[PDB]
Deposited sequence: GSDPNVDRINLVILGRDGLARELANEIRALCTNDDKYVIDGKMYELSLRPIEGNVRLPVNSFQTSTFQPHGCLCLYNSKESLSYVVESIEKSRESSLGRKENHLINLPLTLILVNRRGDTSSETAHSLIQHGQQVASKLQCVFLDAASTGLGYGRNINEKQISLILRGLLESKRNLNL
């Protein structure tokens, strides 16, 4: 269970073709051995749920009996991986869940254009981390996590 003295972030990471595993691995490299992530000198419990396959399947559901999601980090770098994000979100709709759509490193014009329309439709923030492996800068990870903590307090997640 969650330590009542340490704030918990339950983060879904959504991305096919190994995108979710890769970002989850990066984030865990930044964590303590008991999965704490430090922000502004403060410890947070960080639970990660990387998803790459069909979210219809129980094993791939956003929410489980011990995991209530607080946000979802959506990753893509291609037509197919963008399509996977839309399919997964619209199908598992989790609707007021804070979402972040991130374009990562692997056409460039169309991926940005479509990403922005998808983010508009899903009502979420769009970040271009491709210019910035298929990783994301750790400072950007911390910004997203800070944002989730405030959302968590506003939406009572």
What are the missing stretches of the deposited sequence, listed from start to end?
94-103, 117-123, 150-153
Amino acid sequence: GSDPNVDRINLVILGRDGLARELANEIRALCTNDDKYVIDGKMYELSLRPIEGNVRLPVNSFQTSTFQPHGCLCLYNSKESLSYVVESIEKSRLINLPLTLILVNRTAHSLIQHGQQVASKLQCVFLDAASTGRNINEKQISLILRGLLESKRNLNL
From here on, numbers count along this sequence of modelled residues.
Averaging the C-alpha B factors as listed in the entry, name the stretch that ends up higher: 59-67 or 118-126.
59-67
When the Cα temperature factors in the entry are averaged, is it 94-102 or 34-42 that ends up higher?
94-102
Could you tell me which third, lowest, middle or highest, the C-alpha B-factor of residue 139 occupies within its chain?
lowest
Give the position of residue 29 by CA B-factor within its chain, expressed as the lowest, middle or highest third.
middle
Mind checking which third residue 15 falls in for C-alpha B-factor across the chain?
lowest
Quick one: classify residue 108 as lowest, middle or highest third of the chain based on its Cα B-factor.
highest
